[PDB]
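The chain below stands alone and is given as structure tokens, in the form deposited in one PDB entry.
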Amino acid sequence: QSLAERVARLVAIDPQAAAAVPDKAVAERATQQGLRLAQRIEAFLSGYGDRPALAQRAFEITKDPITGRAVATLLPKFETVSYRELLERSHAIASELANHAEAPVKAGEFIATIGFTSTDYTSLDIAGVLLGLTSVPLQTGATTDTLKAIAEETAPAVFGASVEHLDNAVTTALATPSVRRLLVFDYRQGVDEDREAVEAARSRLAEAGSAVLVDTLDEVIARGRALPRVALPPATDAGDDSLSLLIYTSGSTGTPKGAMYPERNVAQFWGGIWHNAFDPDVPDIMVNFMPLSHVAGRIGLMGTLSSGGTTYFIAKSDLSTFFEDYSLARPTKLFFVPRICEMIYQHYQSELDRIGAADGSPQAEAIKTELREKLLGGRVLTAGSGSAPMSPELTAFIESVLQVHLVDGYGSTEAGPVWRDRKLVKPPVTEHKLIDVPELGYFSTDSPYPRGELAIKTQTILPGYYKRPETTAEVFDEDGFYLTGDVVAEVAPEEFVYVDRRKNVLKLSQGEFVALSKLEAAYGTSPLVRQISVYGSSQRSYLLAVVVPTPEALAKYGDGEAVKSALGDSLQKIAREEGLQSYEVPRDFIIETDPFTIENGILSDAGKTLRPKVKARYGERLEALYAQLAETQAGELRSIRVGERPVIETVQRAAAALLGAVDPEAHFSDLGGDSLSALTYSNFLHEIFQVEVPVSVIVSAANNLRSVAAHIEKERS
């Protein structure tokens, strides 16, 4: 019943879980007062000895008989790396980098890295801490213009990259004269495609006459194993105050700014105060799907290392192996972002259909049982979400599936953890207040509950944004409070509810900020667009916009669904051109034929669109668009019940229902879902056509919707 009883019962009957329980003595040695980060990390990892620390899906290599090329294919199991092995491989990397013949790194230099999350990436991250470097994890979805800007600002000496991202890593490195070495990780020896991507990087660097040196991570470790360990602690300038990490975020300004993490703040991920974001000693077996560059990726991964647990890494970056991985790893602790919860709920609606059951009926309850017991692996003891708000209906559903309480954890890159199930986390938060936002209509005198921007003093507050004292100042008031940008309602002494943002950047259900004003500037260059105001709700997974089209567009296409299609195609292409993410493409529009103007109240005296006025005039209609699609996605029930139409038409119509917007020639990617949309599409078509419809056939750039139909037809034969 209670958590402690549930834990005691799992450890009595499960040998794998029994072997993973935290050891109080290891945490006591590692977190002792005054101990430097590097040594803390060393004490956790050496302390947990031969336990399995990390697990990667196993694969096999076989010679393709048509092409001759050695290809890798996933196996239905995981292989593990021990705490001892992890520590030893990380030390090897530090030893090799400190001792390189020509470009030895020193403490305080920067290392930039682009990868997903993996055993290798984790090695490299730890090695940076051992050397006293400052790490700069870069977002795998950023454009090379953004990567170059961050690299120009931080001047890294070493750049690391997974094989998947190597080509963007070469482009950045060529524009960044400080880079002396390029390290290539997640490299599979004997796999032809990996070997070729490294050869092509070397050619590009050759052709440029670059002095940059390329090494695989394997080779670096091989070399380092033969060298003595570096001395801890490393020779940095400021002890605990030494700059260990930069987490780039766009929340406070709309473009990336480098949140400074000294070693004393990074230490909080390793068994420190971030324990309490979510909150009896539980064995920690976790599946990690979050990039290391996202503070949530680091919280999970280092939390599990620091508790002597095991992290199972999601097998593919697209997340297409999601259920397979959870069904194999069978975690005891779940952390979701709300988008994952939406996806599980969409699966549950799918299963209701397939067995033709309804509502809360007994066979509908059997679907929840198989989610909890089989698909999610049946050992979930605790669960949390965060990064974005969750509807009460989605929370109710997830909890009825898992049969455990779903903790809501609020915090940020800048502040650390701030609340747990409404209640301020003290420590580290020491004081708070609310600040009125009269332009949006929120005031501490509101009834029934005060509303305002949350402002806090907290022990885990960042010292600044790197090299950006102006941007730093904007987030601190004259009394020393950090300004979160988040509007909240207060419902009891020191209890809060997320309501809105003070400005023009917000989270969607994926947990990533979207900068409304940047998207507006990009989308405003469409020849069809006169004015555009982009709108989002943080409980949704996609955006909307209010568009005033040009007279020529309104004349050529009219003011209904066909101009919305025209606009979609135009925006989609801009998004492809400027490297925007799939979810930052508006899915549906309010077409306004009457322009925004000063007379209207929509434009200020200075000509600029006022967001609060857009909201006051179009907010209801925008919220209706969202509501109606969420109500209507049983249009799939009618797409399934046919059979009576050709393959392509079902393929089309299916893509249309899942991505809000069609045309036979489009690519599913262009159309603006996200990688979990293609998983859902894939199961849907598999159900109907009893054919395997893999995500890689659906997402690969050279495959449009006609290739998808074509694939299904060929498989059927």
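Sequential numbering from 1, following the sequence displayed.
The entry shows a gap from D279 to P280, with 4 to 9 unmodelled residues of the deposited sequence in between. Counting the deposited residues that fall between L679 and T680 and carry no coordinates gives zero.
According to the PDB record, 210 to 218 carries the higher mean C-alpha B-factor of the two stretches 210 to 218 and 406 to 414.
Look at the C-alpha B-factors of 144 to 152 and of 232 to 240. On average they run higher in 232 to 240. Highest CA B-factor among the listed residues (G160, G485, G300, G601): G601. Between the residues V642, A94, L625, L305, it is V642 that shows the highest Cα B-factor in the PDB record.
Per the deposited record, the Cα B-factor of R40 falls in the lowest third when ranked against the other modelled residues of its chain. Per-chain ranking of the deposited C-alpha B factor places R202 in the middle third.
Sort the modelled residues of the chain by CA B factor and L352 lands in the highest third. When the CA B factors of the chain's modelled residues are split into thirds, the value for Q531 lands in the middle one. Remark: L54 belongs to the lowest third of its chain, ranked by C-alpha B-factor as recorded.
Omitted from view is the form deposited in another entry, to which the following refers.
Assignment of C-alpha atoms to the better-fitting of two rigid parts between the shown form and the other one separates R468 from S565. Cα of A161 to Cα of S509: at least 3 Å longer in the other entry than in the shown structure. With a change of no less than 3 Å, the CA-CA distance between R204 and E578 is larger in the other entry than in the form shown.
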